[PDB]
>>> print(open('protein31.pdb').read())   # PDB, C-alpha atoms and all ligand atoms
ATOM      1  CA  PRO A  33      89.623  78.407 121.566
ATOM      2  CA  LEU A  34      88.452  79.613 118.156
ATOM      3  CA  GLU A  35      84.776  78.472 117.691
ATOM      4  CA  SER A  36      84.092  79.330 121.328
ATOM      5  CA  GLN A  37      85.395  82.932 121.171
ATOM      6  CA  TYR A  38      83.699  84.019 117.948
ATOM      7  CA  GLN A  39      80.354  83.369 116.345
ATOM      8  CA  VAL A  40      80.288  82.550 112.623
ATOM      9  CA  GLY A  41      77.760  84.038 110.208
ATOM     10  CA  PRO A  42      77.286  84.273 106.465
ATOM     11  CA  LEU A  43      80.057  83.686 103.977
ATOM     12  CA  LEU A  44      81.148  87.048 102.459
ATOM     13  CA  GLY A  45      83.405  85.835  99.587
ATOM     14  CA  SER A  46      86.286  83.756  98.087
ATOM     15  CA  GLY A  47      89.043  82.890  97.115
ATOM     16  CA  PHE A  49      92.642  84.510  98.558
ATOM     17  CA  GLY A  50      90.448  82.200 100.816
ATOM     18  CA  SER A  51      86.915  81.942 102.239
ATOM     19  CA  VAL A  52      85.740  84.731 104.495
ATOM     20  CA  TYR A  53      82.843  84.661 106.913
ATOM     21  CA  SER A  54      81.082  87.375 108.787
ATOM     22  CA  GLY A  55      81.644  86.912 112.421
ATOM     23  CA  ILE A  56      81.013  88.524 115.775
ATOM     24  CA  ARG A  57      83.369  88.558 118.759
ATOM     25  CA  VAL A  58      81.572  87.202 121.844
ATOM     26  CA  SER A  59      83.579  89.091 124.479
ATOM     27  CA  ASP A  60      81.778  92.127 122.875
ATOM     28  CA  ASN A  61      79.959  92.348 119.643
ATOM     29  CA  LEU A  62      82.663  93.779 117.334
ATOM     30  CA  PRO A  63      81.980  92.778 113.922
ATOM     31  CA  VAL A  64      84.965  90.803 112.648
ATOM     32  CA  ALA A  65      85.766  88.914 109.476
ATOM     33  CA  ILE A  66      87.079  85.393 109.599
ATOM     34  CA  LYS A  67      89.356  84.321 106.826
ATOM     35  CA  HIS A  68      90.380  80.781 106.253
ATOM     36  CA  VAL A  69      93.391  79.935 104.266
ATOM     37  CA  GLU A  70      94.371  76.395 103.415
ATOM     38  CA  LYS A  71      97.947  75.319 104.047
ATOM     39  CA  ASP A  72      98.253  73.600 100.681
ATOM     40  CA  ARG A  73      97.606  76.755  98.717
ATOM     41  CA  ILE A  74     100.196  78.927 100.535
ATOM     42  CA  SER A  75     103.260  79.382  98.284
ATOM     43  CA  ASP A  76     104.896  81.818 100.639
ATOM     44  CA  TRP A  77     105.784  81.618 104.337
ATOM     45  CA  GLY A  78     107.635  83.610 106.956
ATOM     46  CA  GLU A  79     108.280  83.730 110.662
ATOM     47  CA  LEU A  80     107.126  86.065 113.446
ATOM     48  CA  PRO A  81     109.275  87.642 116.176
ATOM     49  CA  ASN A  82     108.909  84.639 118.596
ATOM     50  CA  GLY A  83     109.874  82.554 115.554
ATOM     51  CA  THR A  84     106.875  80.396 114.487
ATOM     52  CA  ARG A  85     106.509  79.332 110.836
ATOM     53  CA  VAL A  86     103.463  81.266 109.435
ATOM     54  CA  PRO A  87     102.041  82.486 106.076
ATOM     55  CA  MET A  88     103.529  85.712 104.868
ATOM     56  CA  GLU A  89     100.068  87.343 104.959
ATOM     57  CA  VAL A  90     100.160  87.098 108.754
ATOM     58  CA  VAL A  91     103.698  88.359 109.008
ATOM     59  CA  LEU A  92     102.748  91.307 106.836
ATOM     60  CA  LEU A  93      99.463  91.939 108.663
ATOM     61  CA  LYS A  94     101.137  92.039 112.074
ATOM     62  CA  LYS A  95     103.739  94.495 110.888
ATOM     63  CA  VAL A  96     100.983  96.866 109.626
ATOM     64  CA  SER A  97      98.254  96.307 112.236
ATOM     65  CA  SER A  98      99.872  98.371 114.974
ATOM     66  CA  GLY A  99      97.887 101.495 115.613
ATOM     67  CA  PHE A 100      95.305 103.059 113.353
ATOM     68  CA  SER A 101      95.404 103.588 109.630
ATOM     69  CA  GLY A 102      93.828 102.777 106.281
ATOM     70  CA  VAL A 103      94.616  99.114 106.612
ATOM     71  CA  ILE A 104      92.163  96.512 107.808
ATOM     72  CA  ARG A 105      93.789  95.148 110.959
ATOM     73  CA  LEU A 106      94.586  91.557 112.017
ATOM     74  CA  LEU A 107      92.951  91.134 115.455
ATOM     75  CA  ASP A 108      94.060  87.533 115.914
ATOM     76  CA  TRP A 109      94.815  84.284 114.189
ATOM     77  CA  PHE A 110      94.849  80.508 114.656
ATOM     78  CA  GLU A 111      96.412  77.477 113.189
ATOM     79  CA  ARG A 112      94.534  74.334 112.371
ATOM     80  CA  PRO A 113      95.633  71.075 110.850
ATOM     81  CA  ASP A 114      95.101  72.084 107.216
ATOM     82  CA  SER A 115      94.198  75.740 107.369
ATOM     83  CA  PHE A 116      95.108  79.040 109.093
ATOM     84  CA  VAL A 117      92.354  81.317 110.228
ATOM     85  CA  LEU A 118      92.602  85.060 110.559
ATOM     86  CA  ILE A 119      90.388  87.380 112.451
ATOM     87  CA  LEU A 120      90.059  90.801 110.942
ATOM     88  CA  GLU A 121      88.140  94.001 111.513
ATOM     89  CA  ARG A 122      84.788  94.292 109.870
ATOM     90  CA  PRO A 123      83.639  97.837 109.363
ATOM     91  CA  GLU A 124      79.928  98.192 109.026
ATOM     92  CA  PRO A 125      78.460  99.078 106.467
ATOM     93  CA  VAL A 126      81.099  98.614 103.893
ATOM     94  CA  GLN A 127      81.514  98.321 100.158
ATOM     95  CA  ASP A 128      84.509  97.538  98.048
ATOM     96  CA  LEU A 129      85.676 100.004  95.421
ATOM     97  CA  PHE A 130      85.117  97.685  92.485
ATOM     98  CA  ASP A 131      81.427  97.321  93.408
ATOM     99  CA  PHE A 132      81.124 100.977  94.207
ATOM    100  CA  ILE A 133      82.534 102.021  90.824
ATOM    101  CA  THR A 134      80.511  99.374  89.070
ATOM    102  CA  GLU A 135      77.363 100.910  90.547
ATOM    103  CA  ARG A 136      78.025 104.644  90.207
ATOM    104  CA  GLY A 137      80.298 104.614  87.146
ATOM    105  CA  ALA A 138      83.214 107.027  87.021
ATOM    106  CA  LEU A 139      83.741 109.172  90.106
ATOM    107  CA  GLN A 140      83.729 112.885  90.370
ATOM    108  CA  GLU A 141      87.235 114.256  90.713
ATOM    109  CA  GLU A 142      86.588 115.495  94.200
ATOM    110  CA  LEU A 143      85.609 112.033  95.347
ATOM    111  CA  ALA A 144      88.445 110.355  93.419
ATOM    112  CA  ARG A 145      90.930 112.808  94.962
ATOM    113  CA  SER A 146      89.797 111.921  98.484
ATOM    114  CA  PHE A 147      89.804 108.211  97.845
ATOM    115  CA  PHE A 148      93.138 108.313  96.059
ATOM    116  CA  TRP A 149      94.677 110.375  98.854
ATOM    117  CA  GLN A 150      93.573 107.814 101.432
ATOM    118  CA  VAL A 151      95.056 104.985  99.384
ATOM    119  CA  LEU A 152      98.239 106.973  99.275
ATOM    120  CA  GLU A 153      98.305 107.354 103.037
ATOM    121  CA  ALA A 154      97.622 103.667 103.507
ATOM    122  CA  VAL A 155     100.353 102.564 101.162
ATOM    123  CA  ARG A 156     102.777 104.974 102.828
ATOM    124  CA  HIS A 157     101.882 103.328 106.086
ATOM    125  CA  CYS A 158     102.652  99.869 104.770
ATOM    126  CA  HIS A 159     105.978 100.912 103.249
ATOM    127  CA  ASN A 160     106.797 102.407 106.486
ATOM    128  CA  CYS A 161     106.120  99.261 108.348
ATOM    129  CA  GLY A 162     108.342  97.308 105.908
ATOM    130  CA  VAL A 163     105.455  95.902 103.886
ATOM    131  CA  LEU A 164     104.744  95.996 100.179
ATOM    132  CA  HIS A 165     101.138  94.971  99.141
ATOM    133  CA  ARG A 166     101.747  94.198  95.441
ATOM    134  CA  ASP A 167      98.072  93.950  94.578
ATOM    135  CA  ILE A 168      96.720  97.481  94.986
ATOM    136  CA  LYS A 169      93.474  97.547  93.004
ATOM    137  CA  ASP A 170      89.724  98.545  93.458
ATOM    138  CA  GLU A 171      88.687  95.235  94.870
ATOM    139  CA  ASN A 172      91.379  95.344  97.545
ATOM    140  CA  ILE A 173      89.966  98.614  98.915
ATOM    141  CA  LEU A 174      86.955  98.743 101.156
ATOM    142  CA  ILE A 175      84.934 101.792 101.811
ATOM    143  CA  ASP A 176      83.464 102.440 105.233
ATOM    144  CA  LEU A 177      80.373 104.191 103.845
ATOM    145  CA  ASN A 178      79.602 106.072 107.104
ATOM    146  CA  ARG A 179      82.961 107.597 107.983
ATOM    147  CA  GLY A 180      84.159 107.902 104.382
ATOM    148  CA  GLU A 181      87.316 105.935 105.303
ATOM    149  CA  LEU A 182      89.084 103.635 102.807
ATOM    150  CA  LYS A 183      90.820 100.492 104.092
ATOM    151  CA  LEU A 184      93.329  98.141 102.276
ATOM    152  CA  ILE A 185      92.688  94.486 102.538
ATOM    153  CA  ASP A 186      94.276  91.520 100.875
ATOM    154  CA  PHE A 187      97.988  91.069 101.765
ATOM    155  CA  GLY A 188      98.274  87.540 100.327
ATOM    156  CA  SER A 189     100.509  88.587  97.382
ATOM    157  CA  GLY A 190     102.486  90.957  99.617
ATOM    158  CA  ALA A 191     106.189  90.898 100.432
ATOM    159  CA  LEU A 192     108.599  92.474 102.816
ATOM    160  CA  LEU A 193     109.717  95.748 101.430
ATOM    161  CA  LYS A 194     113.293  95.709 100.128
ATOM    162  CA  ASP A 195     115.441  97.762  97.786
ATOM    163  CA  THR A 196     116.465  94.734  95.723
ATOM    164  CA  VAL A 197     114.783  93.858  92.427
ATOM    165  CA  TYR A 198     111.804  91.510  92.721
ATOM    166  CA  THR A 199     111.593  88.437  90.489
ATOM    167  CA  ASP A 200     108.230  87.037  91.562
ATOM    168  CA  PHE A 201     104.755  88.589  91.200
ATOM    169  CA  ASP A 202     101.374  87.271  92.286
ATOM    170  CA  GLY A 203      99.089  90.225  91.736
ATOM    171  CA  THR A 204      96.815  91.203  88.905
ATOM    172  CA  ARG A 205      98.223  91.272  85.471
ATOM    173  CA  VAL A 206      96.316  94.206  83.991
ATOM    174  CA  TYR A 207      97.709  96.083  87.041
ATOM    175  CA  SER A 208     101.361  94.914  86.525
ATOM    176  CA  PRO A 209     103.983  97.289  85.244
ATOM    177  CA  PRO A 210     105.635  97.089  81.864
ATOM    178  CA  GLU A 211     109.030  96.137  83.429
ATOM    179  CA  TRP A 212     107.395  92.982  84.725
ATOM    180  CA  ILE A 213     105.709  92.170  81.477
ATOM    181  CA  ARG A 214     108.963  92.539  79.495
ATOM    182  CA  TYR A 215     111.774  91.513  81.838
ATOM    183  CA  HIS A 216     110.205  89.647  84.718
ATOM    184  CA  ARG A 217     111.775  92.114  87.159
ATOM    185  CA  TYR A 218     110.640  95.246  89.114
ATOM    186  CA  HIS A 219     111.271  97.312  92.192
ATOM    187  CA  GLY A 220     108.590  97.810  94.910
ATOM    188  CA  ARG A 221     107.957 101.523  95.169
ATOM    189  CA  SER A 222     107.963 102.171  91.455
ATOM    190  CA  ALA A 223     105.763  99.177  90.649
ATOM    191  CA  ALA A 224     103.352 100.338  93.359
ATOM    192  CA  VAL A 225     103.203 103.806  91.780
ATOM    193  CA  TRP A 226     102.407 102.193  88.465
ATOM    194  CA  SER A 227      99.478 100.314  89.958
ATOM    195  CA  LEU A 228      98.378 103.488  91.743
ATOM    196  CA  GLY A 229      98.282 105.077  88.326
ATOM    197  CA  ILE A 230      96.094 102.222  87.028
ATOM    198  CA  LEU A 231      93.891 102.673  90.055
ATOM    199  CA  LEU A 232      93.477 106.413  89.530
ATOM    200  CA  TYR A 233      92.464 105.984  85.898
ATOM    201  CA  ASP A 234      89.904 103.458  87.023
ATOM    202  CA  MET A 235      88.447 105.821  89.590
ATOM    203  CA  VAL A 236      87.998 108.593  87.058
ATOM    204  CA  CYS A 237      87.147 106.577  83.966
ATOM    205  CA  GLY A 238      85.068 103.728  85.396
ATOM    206  CA  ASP A 239      87.372 101.137  83.864
ATOM    207  CA  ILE A 240      91.084 100.247  83.643
ATOM    208  CA  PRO A 241      93.230 101.710  80.914
ATOM    209  CA  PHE A 242      94.888  98.487  79.620
ATOM    210  CA  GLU A 243      93.666  95.004  78.934
ATOM    211  CA  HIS A 244      96.486  93.275  76.975
ATOM    212  CA  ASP A 245     100.194  93.020  77.469
ATOM    213  CA  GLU A 246     100.830  94.979  74.280
ATOM    214  CA  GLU A 247      98.844  98.000  75.520
ATOM    215  CA  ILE A 248     100.675  97.965  78.876
ATOM    216  CA  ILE A 249     104.091  97.824  77.218
ATOM    217  CA  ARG A 250     103.015 100.557  74.769
ATOM    218  CA  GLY A 251     101.964 102.839  77.702
ATOM    219  CA  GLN A 252      99.616 105.076  75.719
ATOM    220  CA  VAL A 253      96.645 106.196  77.773
ATOM    221  CA  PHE A 254      93.336 107.078  76.196
ATOM    222  CA  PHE A 255      90.698 108.699  78.233
ATOM    223  CA  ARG A 256      87.213 107.522  77.661
ATOM    224  CA  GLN A 257      85.749 110.111  80.025
ATOM    225  CA  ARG A 258      86.172 113.846  80.602
ATOM    226  CA  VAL A 259      89.093 114.240  82.998
ATOM    227  CA  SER A 260      90.780 117.460  83.958
ATOM    228  CA  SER A 261      94.107 118.252  82.473
ATOM    229  CA  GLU A 262      95.857 117.955  85.760
ATOM    230  CA  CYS A 263      94.455 114.588  86.541
ATOM    231  CA  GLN A 264      95.506 113.227  83.108
ATOM    232  CA  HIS A 265      98.973 114.606  83.829
ATOM    233  CA  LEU A 266      99.264 112.884  87.201
ATOM    234  CA  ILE A 267      97.966 109.623  85.787
ATOM    235  CA  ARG A 268     100.376 109.703  82.834
ATOM    236  CA  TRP A 269     103.220 110.492  85.108
ATOM    237  CA  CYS A 270     102.505 107.403  87.340
ATOM    238  CA  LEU A 271     102.124 105.362  84.231
ATOM    239  CA  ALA A 272     105.530 106.318  82.726
ATOM    240  CA  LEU A 273     107.255 103.330  80.996
ATOM    241  CA  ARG A 274     110.567 103.916  82.612
ATOM    242  CA  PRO A 275     110.357 103.241  86.345
ATOM    243  CA  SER A 276     112.756 106.072  87.225
ATOM    244  CA  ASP A 277     110.448 108.555  85.398
ATOM    245  CA  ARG A 278     107.541 107.839  87.735
ATOM    246  CA  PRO A 279     106.838 109.981  90.771
ATOM    247  CA  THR A 280     107.609 109.158  94.358
ATOM    248  CA  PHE A 281     104.739 109.265  96.826
ATOM    249  CA  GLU A 282     105.789 112.733  97.917
ATOM    250  CA  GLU A 283     105.664 113.994  94.390
ATOM    251  CA  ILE A 284     102.212 112.442  93.833
ATOM    252  CA  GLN A 285     101.070 113.947  97.082
ATOM    253  CA  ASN A 286     102.445 117.392  96.059
ATOM    254  CA  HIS A 287     100.853 117.310  92.658
ATOM    255  CA  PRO A 288      98.406 120.145  91.869
ATOM    256  CA  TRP A 289      95.496 117.766  91.378
ATOM    257  CA  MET A 290      96.073 116.418  94.876
ATOM    258  CA  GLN A 291      95.528 119.857  96.551
ATOM    259  CA  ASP A 292      92.694 120.679  98.979
ATOM    260  CA  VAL A 293      91.634 117.134  99.550
ATOM    261  CA  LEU A 294      88.446 116.735 101.544
ATOM    262  CA  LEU A 295      88.471 114.961 104.878
ATOM    263  CA  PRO A 296      86.807 111.564 105.125
ATOM    264  CA  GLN A 297      83.768 112.639 107.021
ATOM    265  CA  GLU A 298      82.961 115.492 104.555
ATOM    266  CA  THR A 299      83.510 113.100 101.740
ATOM    267  CA  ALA A 300      80.906 110.735 103.176
ATOM    268  CA  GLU A 301      78.418 113.568 103.795
ATOM    269  CA  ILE A 302      78.774 115.052 100.335
ATOM    270  CA  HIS A 303      79.119 111.834  98.367
ATOM    271  CA  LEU A 304      78.035 108.898 100.443
ATOM    272  CA  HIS A 305      74.955 110.224 102.378
TER     273      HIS A 305
HETATM  274  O1  LIG B   1      87.044  89.960 101.574
HETATM  275  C1  LIG B   1      87.731  90.484 102.658
HETATM  276  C2  LIG B   1      86.964  91.255 103.723
HETATM  277  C3  LIG B   1      85.552  91.456 103.637
HETATM  278  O2  LIG B   1      84.847  90.946 102.559
HETATM  279  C4  LIG B   1      84.875  92.147 104.601
HETATM  280  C5  LIG B   1      85.537  92.659 105.649
HETATM  281  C6  LIG B   1      86.894  92.527 105.824
HETATM  282  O3  LIG B   1      87.422  93.116 106.962
HETATM  283  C7  LIG B   1      87.688  91.801 104.845
HETATM  284  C8  LIG B   1      89.188  91.580 104.902
HETATM  285  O4  LIG B   1      89.884  92.093 105.952
HETATM  286  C9  LIG B   1      89.975  90.814 103.859
HETATM  287  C10 LIG B   1      91.415  90.586 103.883
HETATM  288  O5  LIG B   1      92.299  91.061 104.868
HETATM  289  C11 LIG B   1      91.975  89.864 102.845
HETATM  290  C12 LIG B   1      91.276  89.374 101.815
HETATM  291  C13 LIG B   1      89.939  89.558 101.735
HETATM  292  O6  LIG B   1      89.285  89.028 100.637
HETATM  293  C14 LIG B   1      89.236  90.276 102.745
END
>>> encode(input="protein31.pdb", output="structure tokens", more="lines below")
Ligand SMILES: O=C1c2c(O)ccc(O)c2C(=O)c2c(O)ccc(O)c21
Amino acid sequence: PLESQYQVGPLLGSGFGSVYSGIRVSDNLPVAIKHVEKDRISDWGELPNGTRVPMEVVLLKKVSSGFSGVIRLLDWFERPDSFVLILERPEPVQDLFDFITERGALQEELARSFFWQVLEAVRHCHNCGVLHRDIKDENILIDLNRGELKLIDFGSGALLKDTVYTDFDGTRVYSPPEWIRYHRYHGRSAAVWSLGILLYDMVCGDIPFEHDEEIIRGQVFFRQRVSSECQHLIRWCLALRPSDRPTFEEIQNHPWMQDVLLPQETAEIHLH
């Protein structure tokens, strides 16, 4: 059913897997086709109907209902040594790591719009019972035309829970001090930490911390001019003590978050 119903094109990256550009035949929706090999999956789950699948798929199904800032799972298949996922492919697109790498640090107005959309997308996941655990520039795609950000790689994700996590598969330089020191964290507050790393990156062109010692020390130096309110929000997300970090609500009610542009205006002003 698979090679009949879609048409493969160029590789796009790897790997989280190996992803090819693809076209649905039924109608020419761009799609992306991700192959994941059974032998590299450390982490499995089960769907409603009760089949044994990779967590990624569990997590993607939970979040793919309706619209949002997540790239949606349109379908999937099993093969003898691999699973294969069919995902949306917006067109044209660029990931935030490449975008930042090309244009350097981002004007506050642009960072505010982007950051807001990441916030909405993460709220959506938490809502659906999903925690991403690897929120970073390269897991965000920009739809250059509509100005809409989309989250992508759920392969380190987990079901959201209130219990304390003991495993972590995401990026180190994005991991919170509680993980570095004690090998334990909670979802929401670890996510806020990483959101804080992300926001620094947006406005400074680079991440704040490289080594464990700098993460655990939690002192943030700004290498770029950044308003006083943005520094405050960033420092707040990057508090050492989990309980001293903001909730999403508080981040979203922060002064620096006010009067966010809509996506379309963001694209006009900053992407056209
Ligand atoms: O690299 C992608 C990806 C992509 O490169 C282009 C369009 C896309 O739609 C995705 C995508 O949905 C995607 C994903 O869900 C997980 C890991 C990934 O590396 C990716």
>>> residues_near_ligand(input="protein31.pdb", ligand="ligand LIG 1 (chain B)", cutoff="7 Å", atoms="only C-alpha atoms and all ligand atoms", output="number ranges by chain")
A: 44-46, 49-50, 52, 64-65, 104, 120-123, 185-187
>>> resolve_selection(input="protein31.pdb", expression="the PyMOL selection byres (((chain A and resi 282) around 12) and not hetatm)", output="VMD selection string")
chain A and resid 149 152 to 153 155 to 156 221 225 278 to 281 283 to 287 290
>>> resolve_selection(input="protein31.pdb", expression="the PyMOL selection byres (((chain A and resi 138) around 9) and not hetatm)", output="PyMOL selection string")
chain A and resi 133-134+136-137+139-140+144+234-239+257
>>> resolve_selection(input="protein31.pdb", expression="the PyMOL selection byres (((chain A and resi 260) around 12) and not hetatm)", output="PyMOL selection string")
chain A and resi 140-142+145+233+236-237+255+257-259+261-267+288-289
>>> residues_around(input="protein31.pdb", residues="range 203-211 of chain A", least_positions_apart="3", cutoff="9 Å", atoms="all atoms listed in the file", output="MDAnalysis selection string")
chainID A and resid 166:169 189:190 214:218 222:224 226:228 230:231 240:245 248:251 271 273:275
>>> closest_residue(input="protein31.pdb", among="A:272, A:56, A:304, A:193", to="residue 165 in chain A", atoms="all atoms listed in the file")
A:193
